[PDB]
file entry.cif (mmCIF, C-alpha atoms and all ligand atoms)
data_upload
loop_
_atom_site.label_atom_id
_atom_site.label_comp_id
_atom_site.auth_asym_id
_atom_site.auth_seq_id
_atom_site.Cartn_x
_atom_site.Cartn_y
_atom_site.Cartn_z
CA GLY I 458 17.03 10.32 22.07
CA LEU I 459 18.55 7.16 23.72
CA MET I 460 15.12 5.29 23.68
CA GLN I 461 15.18 2.71 20.82
CA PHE I 462 12.26 0.37 20.13
CA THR I 463 13.41 -3.30 20.23
CA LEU I 464 11.36 -6.25 19.03
CA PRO I 465 11.46 -9.89 20.14
CA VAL I 466 14.19 -11.89 18.36
CA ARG I 467 11.86 -13.59 15.77
CA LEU I 468 10.36 -10.16 14.78
CA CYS I 469 13.76 -8.43 14.98
CA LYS I 470 15.01 -10.82 12.18
CA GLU I 471 11.82 -11.54 10.15
CA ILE I 472 10.81 -7.79 9.89
CA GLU I 473 13.82 -7.24 7.52
CA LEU I 474 12.32 -9.77 5.02
CA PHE I 475 9.84 -8.68 2.29
CA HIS I 476 7.39 -11.54 3.19
CA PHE I 477 7.09 -10.61 6.95
CA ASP I 478 3.49 -10.68 8.36
CA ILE I 479 2.91 -8.09 11.17
CA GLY I 480 0.82 -10.64 13.13
CA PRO I 481 -2.61 -10.52 14.83
CA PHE I 482 -1.62 -8.39 17.91
CA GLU I 483 -2.95 -4.87 16.99
CA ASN I 484 -1.18 -3.30 20.02
CA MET I 485 2.26 -4.23 18.65
CA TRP I 486 1.66 -2.51 15.22
CA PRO I 487 2.48 1.10 16.33
CA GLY I 488 5.76 -0.12 17.91
CA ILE I 489 6.53 -2.12 14.71
CA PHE I 490 5.94 1.08 12.65
CA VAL I 491 8.10 3.22 15.03
CA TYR I 492 10.89 0.55 14.90
CA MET I 493 10.82 0.73 11.06
CA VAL I 494 10.95 4.61 11.10
CA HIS I 495 13.96 4.50 13.54
CA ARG I 496 16.02 1.94 11.44
CA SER I 497 14.95 3.46 8.04
CA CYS I 498 15.24 7.23 8.73
CA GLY I 499 16.93 7.57 12.17
CA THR I 500 16.02 7.97 15.91
CA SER I 501 16.03 11.76 15.09
CA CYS I 502 13.63 12.10 12.05
CA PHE I 503 10.55 12.64 14.28
CA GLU I 504 9.88 13.79 17.88
CA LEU I 505 8.67 10.52 19.54
CA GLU I 506 5.85 12.41 21.42
CA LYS I 507 4.53 13.85 18.06
CA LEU I 508 5.08 10.61 16.03
CA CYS I 509 3.18 8.45 18.61
CA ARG I 510 0.31 11.00 18.64
CA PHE I 511 0.23 11.03 14.76
CA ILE I 512 0.15 7.12 14.59
CA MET I 513 -2.77 6.89 17.09
CA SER I 514 -4.71 9.63 15.19
CA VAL I 515 -4.10 7.77 11.85
CA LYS I 516 -5.18 4.44 13.48
CA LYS I 517 -8.38 6.12 14.81
CA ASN I 518 -9.26 7.35 11.25
CA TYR I 519 -9.06 3.84 9.65
CA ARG I 520 -12.45 2.08 9.77
CA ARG I 521 -13.39 -1.50 10.81
CA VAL I 522 -13.67 -2.79 7.21
CA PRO I 523 -12.50 -6.30 6.19
CA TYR I 524 -9.39 -5.21 4.15
CA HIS I 525 -8.84 -1.39 3.83
CA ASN I 526 -8.12 -1.19 7.58
CA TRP I 527 -5.31 -0.26 10.00
CA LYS I 528 -3.57 -3.68 9.48
CA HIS I 529 -3.42 -2.97 5.69
CA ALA I 530 -1.86 0.49 6.42
CA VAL I 531 0.98 -1.03 8.54
CA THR I 532 1.45 -4.00 6.15
CA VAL I 533 1.92 -1.53 3.20
CA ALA I 534 4.36 0.61 5.30
CA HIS I 535 6.37 -2.56 6.17
CA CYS I 536 6.79 -3.53 2.47
CA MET I 537 8.02 0.09 1.80
CA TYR I 538 10.44 -0.30 4.78
CA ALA I 539 11.82 -3.50 3.14
CA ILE I 540 12.27 -1.77 -0.28
CA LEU I 541 13.98 1.29 1.33
CA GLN I 542 16.32 -0.88 3.53
CA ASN I 543 17.39 -3.04 0.50
CA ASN I 544 18.02 0.19 -1.60
CA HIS I 545 19.93 2.19 1.08
CA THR I 546 21.70 4.81 -1.11
CA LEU I 547 19.03 5.35 -3.88
CA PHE I 548 16.67 7.53 -1.72
CA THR I 549 17.02 10.98 -0.11
CA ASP I 550 16.56 11.67 3.67
CA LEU I 551 13.15 13.32 2.87
CA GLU I 552 11.87 10.46 0.62
CA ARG I 553 12.45 7.88 3.44
CA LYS I 554 10.55 10.18 5.94
CA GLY I 555 7.71 10.85 3.45
CA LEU I 556 7.16 7.35 1.98
CA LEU I 557 6.67 5.41 5.33
CA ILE I 558 4.18 8.12 6.42
CA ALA I 559 2.59 8.05 2.90
CA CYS I 560 2.14 4.25 3.21
CA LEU I 561 0.68 4.45 6.75
CA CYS I 562 -1.82 7.12 5.51
CA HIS I 563 -2.58 5.95 1.92
CA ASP I 564 -6.07 4.45 2.70
CA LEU I 565 -7.17 6.83 5.57
CA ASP I 566 -10.97 6.72 6.20
CA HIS I 567 -11.55 4.10 3.44
CA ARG I 568 -15.20 2.92 3.54
CA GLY I 569 -14.46 -0.41 1.71
CA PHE I 570 -15.81 0.79 -1.71
CA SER I 571 -14.13 1.59 -5.06
CA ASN I 572 -14.09 5.02 -6.79
CA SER I 573 -16.64 3.42 -9.26
CA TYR I 574 -19.15 2.73 -6.44
CA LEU I 575 -18.81 6.34 -5.09
CA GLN I 576 -19.56 7.71 -8.65
CA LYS I 577 -22.57 5.40 -9.29
CA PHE I 578 -23.87 6.09 -5.74
CA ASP I 579 -23.28 9.85 -6.40
CA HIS I 580 -21.34 10.15 -3.11
CA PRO I 581 -20.37 13.76 -2.22
CA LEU I 582 -16.62 12.82 -2.53
CA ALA I 583 -17.32 12.05 -6.27
CA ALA I 584 -18.41 15.75 -6.76
CA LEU I 585 -15.39 17.06 -4.78
CA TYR I 586 -12.83 14.83 -6.69
CA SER I 587 -13.81 13.58 -10.21
CA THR I 588 -10.78 11.20 -10.51
CA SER I 589 -8.72 9.25 -7.94
CA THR I 590 -11.68 10.09 -5.60
CA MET I 591 -10.73 8.01 -2.52
CA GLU I 592 -6.99 8.76 -3.06
CA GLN I 593 -7.52 12.60 -2.99
CA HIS I 594 -9.64 12.00 0.17
CA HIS I 595 -6.81 9.95 1.80
CA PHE I 596 -4.28 12.79 1.14
CA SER I 597 -6.88 15.36 2.44
CA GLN I 598 -7.29 13.23 5.63
CA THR I 599 -3.44 13.03 5.97
CA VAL I 600 -3.03 16.87 5.83
CA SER I 601 -5.95 17.29 8.38
CA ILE I 602 -4.25 14.94 10.94
CA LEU I 603 -0.80 16.64 10.42
CA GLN I 604 -2.52 20.01 11.33
CA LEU I 605 -4.07 18.79 14.66
CA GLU I 606 -2.22 20.53 17.59
CA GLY I 607 0.79 18.34 18.58
CA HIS I 608 0.62 16.18 15.36
CA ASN I 609 3.09 18.00 13.02
CA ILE I 610 5.90 15.38 12.84
CA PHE I 611 7.51 17.58 10.08
CA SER I 612 7.64 20.82 12.22
CA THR I 613 11.53 20.64 12.27
CA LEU I 614 11.79 20.90 8.40
CA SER I 615 12.45 24.22 6.55
CA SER I 616 9.39 25.66 4.74
CA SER I 617 10.86 24.19 1.45
CA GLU I 618 11.68 20.68 2.82
CA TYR I 619 8.11 20.75 4.32
CA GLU I 620 6.53 21.50 0.88
CA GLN I 621 8.82 18.84 -0.72
CA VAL I 622 7.77 16.09 1.76
CA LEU I 623 3.97 16.92 1.48
CA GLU I 624 4.42 16.78 -2.35
CA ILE I 625 6.18 13.33 -2.16
CA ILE I 626 3.30 12.10 0.13
CA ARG I 627 0.58 13.51 -2.25
CA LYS I 628 2.06 11.98 -5.46
CA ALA I 629 2.71 8.71 -3.50
CA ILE I 630 -0.91 8.44 -2.22
CA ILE I 631 -2.43 9.41 -5.65
CA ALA I 632 -0.19 6.70 -7.27
CA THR I 633 -2.03 4.00 -5.16
CA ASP I 634 -5.00 4.59 -7.54
CA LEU I 635 -4.64 1.31 -9.49
CA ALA I 636 -6.29 2.92 -12.62
CA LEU I 637 -3.05 5.06 -12.92
CA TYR I 638 -0.65 2.09 -12.35
CA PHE I 639 -1.05 0.59 -15.92
CA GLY I 640 0.10 3.77 -17.75
CA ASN I 641 2.75 4.51 -15.07
CA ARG I 642 4.37 1.03 -15.47
CA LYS I 643 4.15 1.24 -19.34
CA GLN I 644 6.12 4.55 -19.35
CA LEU I 645 8.65 3.08 -16.84
CA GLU I 646 8.94 -0.07 -19.07
CA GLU I 647 9.60 2.13 -22.22
CA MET I 648 12.14 4.34 -20.30
CA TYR I 649 14.10 1.36 -18.86
CA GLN I 650 14.20 -0.50 -22.27
CA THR I 651 15.14 2.53 -24.51
CA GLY I 652 17.63 3.32 -21.64
CA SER I 653 16.29 6.92 -21.12
CA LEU I 654 15.41 6.20 -17.40
CA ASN I 655 17.17 8.89 -15.24
CA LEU I 656 16.78 8.85 -11.39
CA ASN I 657 18.09 12.52 -11.28
CA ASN I 658 15.01 13.44 -13.42
CA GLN I 659 12.38 14.31 -10.70
CA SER I 660 9.50 13.26 -13.10
CA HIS I 661 11.28 9.82 -13.42
CA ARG I 662 11.73 9.45 -9.61
CA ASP I 663 8.02 10.33 -9.28
CA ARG I 664 7.12 7.39 -11.61
CA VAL I 665 9.49 4.98 -9.73
CA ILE I 666 8.14 6.08 -6.29
CA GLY I 667 4.68 5.50 -7.88
CA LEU I 668 5.61 1.90 -8.85
CA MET I 669 7.02 1.27 -5.32
CA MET I 670 3.58 2.40 -3.93
CA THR I 671 1.67 0.00 -6.27
CA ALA I 672 4.13 -2.80 -5.22
CA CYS I 673 3.69 -2.08 -1.44
CA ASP I 674 -0.11 -1.72 -1.85
CA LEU I 675 -0.38 -5.14 -3.64
CA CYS I 676 2.09 -6.91 -1.24
CA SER I 677 -0.47 -9.55 0.02
CA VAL I 678 0.52 -11.43 -3.24
CA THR I 679 4.23 -11.45 -2.08
CA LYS I 680 3.55 -13.24 1.29
CA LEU I 681 3.66 -16.95 2.21
CA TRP I 682 0.69 -18.74 0.61
CA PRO I 683 -1.44 -18.99 3.82
CA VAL I 684 -1.10 -15.17 4.42
CA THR I 685 -1.86 -14.51 0.68
CA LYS I 686 -4.92 -16.81 0.69
CA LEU I 687 -6.42 -15.51 3.99
CA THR I 688 -5.91 -11.86 2.86
CA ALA I 689 -7.75 -12.73 -0.42
CA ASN I 690 -10.82 -13.69 1.75
CA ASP I 691 -10.85 -10.13 3.20
CA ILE I 692 -10.42 -8.57 -0.28
CA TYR I 693 -13.43 -10.53 -1.67
CA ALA I 694 -15.42 -9.75 1.55
CA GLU I 695 -15.23 -6.04 0.58
CA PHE I 696 -15.70 -6.74 -3.18
CA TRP I 697 -18.86 -8.84 -2.62
CA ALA I 698 -20.31 -6.21 -0.16
CA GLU I 699 -19.77 -3.59 -2.94
CA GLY I 700 -21.48 -5.97 -5.45
CA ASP I 701 -24.44 -6.26 -3.04
CA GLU I 702 -24.63 -2.42 -2.91
CA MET I 703 -24.37 -2.22 -6.75
CA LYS I 704 -27.42 -4.61 -6.95
CA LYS I 705 -29.30 -2.28 -4.50
CA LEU I 706 -28.71 0.60 -7.03
CA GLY I 707 -30.21 -1.71 -9.78
CA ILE I 708 -26.76 -2.32 -11.45
CA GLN I 709 -25.42 -5.90 -12.00
CA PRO I 710 -21.87 -5.83 -10.56
CA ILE I 711 -18.76 -6.99 -12.47
CA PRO I 712 -18.07 -10.71 -11.65
CA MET I 713 -15.15 -9.67 -9.31
CA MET I 714 -17.86 -8.22 -6.96
CA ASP I 715 -20.63 -10.83 -7.49
CA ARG I 716 -20.61 -13.34 -4.57
CA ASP I 717 -22.79 -15.52 -6.93
CA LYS I 718 -19.57 -16.04 -9.00
CA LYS I 719 -17.28 -17.21 -6.07
CA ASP I 720 -16.54 -20.30 -8.29
CA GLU I 721 -14.55 -18.12 -10.83
CA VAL I 722 -12.23 -16.56 -8.13
CA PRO I 723 -9.14 -18.74 -8.86
CA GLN I 724 -9.31 -17.74 -12.60
CA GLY I 725 -9.87 -14.07 -11.53
CA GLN I 726 -6.65 -14.33 -9.42
CA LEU I 727 -4.66 -15.65 -12.51
CA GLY I 728 -5.88 -12.58 -14.53
CA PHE I 729 -4.83 -10.30 -11.65
CA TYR I 730 -1.29 -11.84 -11.22
CA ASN I 731 -0.70 -11.80 -15.05
CA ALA I 732 -2.42 -8.42 -15.78
CA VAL I 733 -1.22 -6.50 -12.64
CA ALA I 734 1.00 -8.15 -9.96
CA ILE I 735 3.68 -9.92 -12.11
CA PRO I 736 4.23 -6.91 -14.45
CA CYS I 737 4.43 -4.58 -11.38
CA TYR I 738 7.18 -6.54 -9.55
CA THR I 739 9.03 -7.36 -12.88
CA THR I 740 9.39 -3.63 -13.81
CA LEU I 741 10.17 -2.91 -10.12
CA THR I 742 12.99 -5.61 -10.10
CA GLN I 743 14.38 -4.24 -13.45
CA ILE I 744 14.62 -0.70 -11.90
CA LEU I 745 15.55 -1.80 -8.29
CA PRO I 746 17.33 -5.17 -8.55
CA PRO I 747 17.29 -5.99 -4.79
CA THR I 748 13.38 -6.07 -4.76
CA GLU I 749 13.60 -9.44 -6.64
CA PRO I 750 12.28 -11.47 -3.63
CA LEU I 751 8.84 -9.72 -4.19
CA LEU I 752 8.75 -10.95 -7.86
CA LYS I 753 9.82 -14.47 -6.76
CA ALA I 754 7.17 -14.57 -3.95
CA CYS I 755 4.53 -13.29 -6.47
CA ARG I 756 5.42 -16.03 -9.06
CA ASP I 757 5.24 -18.68 -6.23
CA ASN I 758 1.70 -17.44 -5.35
CA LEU I 759 0.64 -17.41 -9.06
CA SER I 760 1.79 -21.08 -9.05
CA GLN I 761 -0.38 -21.73 -5.91
CA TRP I 762 -3.53 -20.31 -7.68
CA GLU I 763 -2.78 -22.49 -10.76
CA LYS I 764 -2.75 -25.50 -8.33
CA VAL I 765 -6.18 -24.42 -6.88
CA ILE I 766 -7.66 -24.36 -10.47
CA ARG I 767 -6.24 -27.88 -11.21
CA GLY I 768 -8.25 -29.19 -8.17
CA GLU I 769 -4.94 -30.04 -6.30
CA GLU I 770 -6.12 -27.52 -3.55
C1 LIG D 801 -5.05 -9.95 -4.50
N1 LIG D 801 -5.23 -8.50 -4.61
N2 LIG D 801 -4.47 -7.56 -3.95
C2 LIG D 801 -4.93 -6.38 -4.27
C3 LIG D 801 -5.99 -6.51 -5.18
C4 LIG D 801 -6.69 -5.35 -5.78
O1 LIG D 801 -6.99 -5.27 -6.94
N3 LIG D 801 -7.02 -4.28 -5.07
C5 LIG D 801 -7.70 -3.15 -5.76
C6 LIG D 801 -8.85 -2.61 -4.95
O2 LIG D 801 -8.62 -2.80 -3.55
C7 LIG D 801 -8.21 -4.11 -3.12
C8 LIG D 801 -6.76 -4.26 -3.63
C9 LIG D 801 -6.17 -7.87 -5.38
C10 LIG D 801 -7.15 -8.56 -6.26
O3 LIG D 801 -7.60 -9.66 -5.99
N4 LIG D 801 -7.50 -7.97 -7.39
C11 LIG D 801 -8.39 -8.54 -8.28
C12 LIG D 801 -9.15 -9.63 -8.00
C13 LIG D 801 -10.01 -10.09 -9.03
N5 LIG D 801 -10.84 -11.12 -9.03
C14 LIG D 801 -11.47 -11.16 -10.21
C15 LIG D 801 -12.53 -12.10 -10.51
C16 LIG D 801 -13.04 -12.87 -9.46
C17 LIG D 801 -14.08 -13.73 -9.71
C18 LIG D 801 -14.64 -13.80 -10.98
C19 LIG D 801 -14.15 -13.00 -11.98
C20 LIG D 801 -13.11 -12.11 -11.76
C21 LIG D 801 -11.07 -10.14 -10.99
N6 LIG D 801 -10.11 -9.48 -10.27
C22 LIG D 801 -9.40 -8.38 -10.55
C23 LIG D 801 -8.53 -7.90 -9.59
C24 LIG D 801 -7.74 -6.74 -9.84
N7 LIG D 801 -7.07 -5.83 -10.01
MG MG D 802 -6.38 2.70 -1.80
ZN ZN D 803 -4.13 0.27 -0.02
#
call {"tool": "encode", "arguments": {"input": "entry.cif", "output": "structure tokens"}}
result
Amino acid sequence: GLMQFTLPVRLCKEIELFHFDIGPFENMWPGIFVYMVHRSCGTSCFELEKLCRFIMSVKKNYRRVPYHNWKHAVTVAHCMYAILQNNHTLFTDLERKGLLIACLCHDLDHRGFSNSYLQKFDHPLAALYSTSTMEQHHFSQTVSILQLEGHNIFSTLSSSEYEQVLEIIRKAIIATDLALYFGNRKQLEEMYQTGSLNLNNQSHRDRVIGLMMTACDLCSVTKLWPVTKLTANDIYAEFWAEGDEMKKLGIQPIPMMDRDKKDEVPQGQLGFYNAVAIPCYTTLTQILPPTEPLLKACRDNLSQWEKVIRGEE
């Protein structure tokens, strides 16, 4: 009860900012996550013994892949923490509980390959789940870990609150399927413009929570340029490995995944910021004004990629 987590002074201050980097010390990441749960939700939301045992089980079930790893999980949870803390009153007690856990779990047991590669490989998960393949697997892995003896951090909820939180987590994890983001943001754009957007409408909250997940998932583009740039190396390290595997199946990969087309990466990043990142944080800032520092950090990083193209770096 009376046991808070405290961070060193630099982390204590910088963790509140959207652009915070969780640092290279793996052993501090669980404490960082616990700290965020305590300030975001309360010292009471979760039994510390159960929470700690859930975090270490989730960590264990992330693989040693260049990008879709335990550091990504905690990074994405931190961005969600920053959105929730800057939008205090807009979110229920349950949503704050569910969304930090959703973020921590959203890439559980990722192998470093896209849904496309699973399908073309004919991976068993592609038979079990025809769309949002990895994302249905991540939610499946989340429910499995929650059901390990001593791991049910939600045990103190009523049957109905329990079903509500697992439903928030499921929609939230599915929403991290980027193929669904485009349509989700279009509908949110229409609803905000025509003025029909209603945060009491559960189907409208769903869409908004979905956009928050896309925004947290893509948050490497909202960091200081050196974080953004070094994370991009890890992203391409997975992409190019998948391209290699595509070539093994006798399929020429898309240029994104062809290490032979490294040259075109800066232009590929412009497409990404314009097609995906900028629209995401724009609609998000329209709906949740205090998330504007994400849009501003994203535009700064678009500007940095433009400077790479122009040979200036
Ligand atoms: C920064 N960032 N953060 C998240 C993601 C991302 O998408 N994730 C989905 C999957 O998991 C990893 C996170 C990216 C990203 O870089 N995305 C893209 C890069 C890219 N390069 C080229 C390109 C590169 C070279 C040549 C031609 C095209 C195309 N192209 C499309 C992209 C998209 N979308
Ligand atoms: Mg994912
Ligand atoms: Zn992710």
call {"tool": "closest_atom_pairs", "arguments": {"input": "entry.cif", "of": "chain I", "to": "ligand LIG 801 (chain D)", "cutoff": "8 Å", "atoms": "all atoms listed in the file", "output": "CSV"}}
result
residue,atom,partner,partner_atom,distance
I:524,CA,D:LIG801,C7,7.4
I:525,CA,D:LIG801,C7,7.5
I:571,CA,D:LIG801,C6,6.7
I:635,CA,D:LIG801,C5,6.6
I:674,CA,D:LIG801,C2,7.1
I:675,CA,D:LIG801,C2,4.8
I:676,CA,D:LIG801,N2,7.1
I:677,CA,D:LIG801,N2,6.0
I:678,CA,D:LIG801,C1,5.9
I:685,CA,D:LIG801,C1,7.6
I:688,CA,D:LIG801,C1,7.7
I:689,CA,D:LIG801,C1,5.6
I:692,CA,D:LIG801,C7,5.7
I:693,CA,D:LIG801,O3,7.3
I:696,CA,D:LIG801,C7,7.9
I:711,CA,D:LIG801,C19,7.6
I:712,CA,D:LIG801,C19,4.6
I:713,CA,D:LIG801,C15,3.8
I:714,CA,D:LIG801,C16,7.1
I:715,CA,D:LIG801,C17,7.5
I:718,CA,D:LIG801,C18,5.8
I:719,CA,D:LIG801,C17,6.0
I:720,CA,D:LIG801,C17,7.2
I:721,CA,D:LIG801,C18,4.3
I:722,CA,D:LIG801,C17,3.7
I:723,CA,D:LIG801,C16,7.1
I:724,CA,D:LIG801,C19,6.8
I:725,CA,D:LIG801,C15,3.5
I:726,CA,D:LIG801,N5,5.3
I:728,CA,D:LIG801,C21,6.7
I:729,CA,D:LIG801,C23,4.9
I:730,CA,D:LIG801,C1,7.9
I:732,CA,D:LIG801,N7,7.9
I:733,CA,D:LIG801,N7,6.4
call {"tool": "closest_atom_pairs", "arguments": {"input": "entry.cif", "of": "chain I", "to": "ligand MG 802 (chain D)", "cutoff": "12 Å", "atoms": "all atoms listed in the file", "output": "Markdown table"}}
result
| residue | atom | partner | partner_atom | distance |
| --- | --- | --- | --- | --- |
| I:519 | CA | D:MG802 | MG | 11.8 |
| I:524 | CA | D:MG802 | MG | 10.3 |
| I:525 | CA | D:MG802 | MG | 7.4 |
| I:526 | CA | D:MG802 | MG | 10.3 |
| I:529 | CA | D:MG802 | MG | 9.8 |
| I:530 | CA | D:MG802 | MG | 9.6 |
| I:533 | CA | D:MG802 | MG | 10.6 |
| I:559 | CA | D:MG802 | MG | 11.5 |
| I:560 | CA | D:MG802 | MG | 10.0 |
| I:561 | CA | D:MG802 | MG | 11.2 |
| I:562 | CA | D:MG802 | MG | 9.7 |
| I:563 | CA | D:MG802 | MG | 6.2 |
| I:564 | CA | D:MG802 | MG | 4.8 |
| I:565 | CA | D:MG802 | MG | 8.5 |
| I:566 | CA | D:MG802 | MG | 10.1 |
| I:567 | CA | D:MG802 | MG | 7.5 |
| I:568 | CA | D:MG802 | MG | 10.3 |
| I:569 | CA | D:MG802 | MG | 9.3 |
| I:570 | CA | D:MG802 | MG | 9.6 |
| I:571 | CA | D:MG802 | MG | 8.5 |
| I:572 | CA | D:MG802 | MG | 9.5 |
| I:589 | CA | D:MG802 | MG | 9.3 |
| I:590 | CA | D:MG802 | MG | 9.9 |
| I:591 | CA | D:MG802 | MG | 6.9 |
| I:592 | CA | D:MG802 | MG | 6.2 |
| I:593 | CA | D:MG802 | MG | 10.0 |
| I:594 | CA | D:MG802 | MG | 10.0 |
| I:595 | CA | D:MG802 | MG | 8.1 |
| I:596 | CA | D:MG802 | MG | 10.7 |
| I:629 | CA | D:MG802 | MG | 11.0 |
| I:630 | CA | D:MG802 | MG | 7.9 |
| I:631 | CA | D:MG802 | MG | 8.7 |
| I:632 | CA | D:MG802 | MG | 9.2 |
| I:633 | CA | D:MG802 | MG | 5.6 |
| I:634 | CA | D:MG802 | MG | 6.2 |
| I:635 | CA | D:MG802 | MG | 8.0 |
| I:636 | CA | D:MG802 | MG | 10.8 |
| I:637 | CA | D:MG802 | MG | 11.8 |
| I:670 | CA | D:MG802 | MG | 10.2 |
| I:671 | CA | D:MG802 | MG | 9.6 |
| I:673 | CA | D:MG802 | MG | 11.2 |
| I:674 | CA | D:MG802 | MG | 7.7 |
| I:675 | CA | D:MG802 | MG | 10.0 |
call {"tool": "atom_distance", "arguments": {"input": "entry.cif", "atom1": "atom CA of residue I:705", "atom2": "atom CA of residue I:583"}}
result
18.8 Å
call {"tool": "atom_distance", "arguments": {"input": "entry.cif", "atom1": "atom CA of residue I:587", "atom2": "atom CA of residue I:691"}}
result
27.4 Å
call {"tool": "closest_residue", "arguments": {"input": "entry.cif", "among": "I:645, I:547, I:672, I:515", "to": "ligand ZN 803 (chain D)", "atoms": "all atoms listed in the file"}}
result
I:672
call {"tool": "residues_around", "arguments": {"input": "entry.cif", "residues": "stretch 484-496 of chain I", "least_positions_apart": "5", "cutoff": "10 Å", "atoms": "all atoms listed in the file", "output": "PyMOL selection string"}}
result
chain I and resi 461-464+468-469+472-473+479+501-503+505+508-509+512-513+516+527-528+530-532+534-535+537-539+542+553-554+557-558+561
call {"tool": "atom_distance", "arguments": {"input": "entry.cif", "atom1": "atom CA of residue I:743", "atom2": "atom CA of residue I:477"}}
result
22.6 Å
call {"tool": "residues_around", "arguments": {"input": "entry.cif", "residues": "residue I:770", "least_positions_apart": "4", "cutoff": "12 Å", "atoms": "only C-alpha atoms", "output": "list in words"}}
result
residues 682, 686, 723, 760, 761, 762, 763, 764, 765 and 766 of chain I
call {"tool": "closest_residue", "arguments": {"input": "entry.cif", "among": "I:656, I:600, I:709, I:622", "to": "residue I:745", "atoms": "all atoms listed in the file"}}
result
I:656
call {"tool": "closest_residue", "arguments": {"input": "entry.cif", "among": "I:759, I:706, I:616, I:459", "to": "residue I:579", "atoms": "all atoms listed in the file"}}
result
I:706
call {"tool": "closest_residue", "arguments": {"input": "entry.cif", "among": "I:536, I:474, I:665, I:744", "to": "residue I:641", "atoms": "all atoms listed in the file"}}
result
I:665
